[PDB]
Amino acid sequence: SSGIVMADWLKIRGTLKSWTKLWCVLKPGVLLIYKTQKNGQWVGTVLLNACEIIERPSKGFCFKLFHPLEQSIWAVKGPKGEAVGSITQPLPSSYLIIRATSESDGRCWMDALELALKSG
């Protein structure tokens, strides 16, 4: 009933190239990012509807979510009404660079992300 298409750890490159491991959940039209896997501290929600996706060779496997018009990709409000995201390494306003453990995992995420873009 959840509507959760995918959930797994992904590494997200900050502006500070710290590659933090964060818990990521995919629901139609949104990617929800958390510090921890269960009942986690919300960091941000990416509005996939405003986004396009491109592959980024080469290390594992990296892909980039970006706003084609260089605008903000981020939800104003948390899934639970949260005003502000949990503090993390600084992240870009208009794009996100993401890494997955395996090529197969990465391709799955990416394909799933593609469908998710125009739904919700």
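Start at 1 and count along the sequence shown; that's the residue number.
- The modelled chain is continuous from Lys77 to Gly78, with every intervening residue of the deposited sequence accounted for.
- Per-stretch averaging of Cα B factors for 13 to 21 and 94 to 102 places 13 to 21 on top.
- The deposited model assigns a higher average Cα B-factor to 78 to 86 than to the other stretch when 41 to 49 and 78 to 86 are compared.
- Sort the chain's modelled residues by C-alpha temperature factor and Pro28 lands in the middle third, per the entry.
- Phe63: CA B factor lies in the middle third for its chain, per the PDB record.
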